Each structure stands twice: as C-alpha cells, then as structure tokens.
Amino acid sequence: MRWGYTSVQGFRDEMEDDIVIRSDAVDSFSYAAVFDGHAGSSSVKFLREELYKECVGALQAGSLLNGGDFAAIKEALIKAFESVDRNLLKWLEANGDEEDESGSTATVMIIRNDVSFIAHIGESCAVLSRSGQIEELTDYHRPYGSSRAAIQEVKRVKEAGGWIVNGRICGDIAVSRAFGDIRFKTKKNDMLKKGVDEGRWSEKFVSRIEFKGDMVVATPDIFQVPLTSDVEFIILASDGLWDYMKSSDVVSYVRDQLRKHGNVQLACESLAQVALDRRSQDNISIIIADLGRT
C-alpha cells in the first residue's frame, strides 16, 4: 500500500510523540508504530529501535506470522513487549536518571502478506475503513471510563494496591499501561518515600499501603485484524487527534480527501491541520496506510 504520515508538536511546549514505519518488500512485511511519550523523550527514543528489533525477532523465531497459530503470535508479541520494558527499566536505572522519570505508550501494527496484527498499550487508537464502514481496532488503557478495557484496568490497578484520584493512578499517571514509568513498577515503594520527603502525603499514609503488583504494566492487548480487498485505508494516530475529532469524522474526512486527490500524504497533513484548527492541545501524530480499492 502507500503511506502518509505526519507528527507535529502543536500547542504543547515539548514534542514527545514519534512514529516509525519500516518495510521489507521481499517478505511483504511492514511495521508501523506510534509512540506517545510522557515526562521526557528517553523512553520513546529507546523504543524507536528496540521494540522493532524485538518484535521482528519474536516473530521470525519460527516463521511465526502466517502459520495460523493466533495463540503463539499473541504470546510472542506479549513477551516481546514485556522483554523490551524489562530492558528499558534497566537502562533508565543505569543510564539514568537522575530525574528522568519518562515513559511511553505504543500502538504497533504489523502486516505480513494478508494478515495484520496490532499490539497496543495506552491511549493512541487505530481504526480502518472497510467497504465504507468504520472499524475501531483498539481499546483504551485508562484508569477511568466505561469501555471494556476501562473497568478491567481500574480493577487491575486497585488489585495491585494502587489508588485513583482525578482519573490518575496515585493522582499521577493518566494511562494504565505504558513502557517505562519505573516509579509505578520496580520503584513504587521508593515512590511512596519520595512523596513523604516532598510533602505530598504523610508517613502514616504510606504505612497503610501494600503494593501487590505493578500498577502500570507494558503487557499489550493483541488483535488480529482480517485484511480483505475492501479495506480502503488504516489509520494509527495519537490521542492528539482522537480527543478532538471523533473517529467516524476522521474516517469520512480521509475518504473525502482520497476521493478528491488520491494523495495519502496530503490527506494526512490536511487531517492534522483540522486537528490543529479544532485547537487540539496535544502533540498529533498520524500514520495512514492507503490500500486503494474503490
């Protein structure tokens, strides 16, 4: 297919989104990812090469992609994500910080021949258009809400002994799954301590806390997305887009652009400008795969 992409800072004082698109034409294989970093860019930077390499490795070990073992593909991509996060946390600890507290979300799409898989953590979103109809392919990992993932995430966080205030875990983080974010994982106890030292809560408060598991995890949801000849285009984007434009609206908008000039790169740039005209307040990154059709 053809790719259109854009990644802009918009109204934020820093740019922490990034995008990756890598193809192997001989193998009919492509990897597209949007990363939405927070509290710095070091996690995003790490993921840029490390996640690709690990995913490619996890799936090549066994020529795994089109074997039809969904379970095995799913397990491979999960272990890839978990492994990368393990390595990131070490890196953040040794090649850092000392005040680097960064993290990043990630929505990855892998296509090989006529199969597509999505590995997703966080609050970017992927959608496609199929015979004129929208399919929303991912669900949000937020510690509040009503979608399938939402109730389960809040349950998982509370189960780990964390709490949620102002729609944030420990009043801090607004996503429940992410790479990095060591203070919610292997340094959560230290986190409580720092809070006392910085006067965000009392000593007796920390006493009543009992962390059982990690509050934030990098374990992805994994989806298999059937590809058919009537899939018109696929869109991966950060929440800088979706928070300000409903997916049914973006799909109609892109369809209109492509009917107009058939240029996916121009469609993508014009879409990002619509998001800015609507005064989205975040970095905005968009990747569109134009598969053509009718």
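Residues carry their position along the shown sequence, with the first being 1.
If you average the C-alpha B-factors over 114 to 122 and over 193 to 201, the higher value belongs to 193 to 201. Checked against the record, the higher mean CA B factor of 281 to 289 and 6 to 14 lies with 6 to 14. Ranking 182, 78, 157, 217 by Cα temperature factor from the entry places 157 first. Listed residues 102, 87, 107, 166 were ranked by CA B-factor as deposited; 166 comes out on top. Residue-level temperature factors show residue 245 in the lowest third of its chain, judged at the C-alpha atom. Among the modelled residues of the chain, residue 69 sits in the highest third by CA temperature factor in this PDB entry. In this PDB entry, the Cα temperature factor of residue 225 sits in the bottom third of its chain's modelled residues, the lowest group. Compared with the other modelled residues of the chain, the Cα B-factor recorded for residue 262 ranks in the middle third. Ranked against the other modelled residues of its chain, the C-alpha B-factor of residue 186 as given in the entry falls in the highest third.
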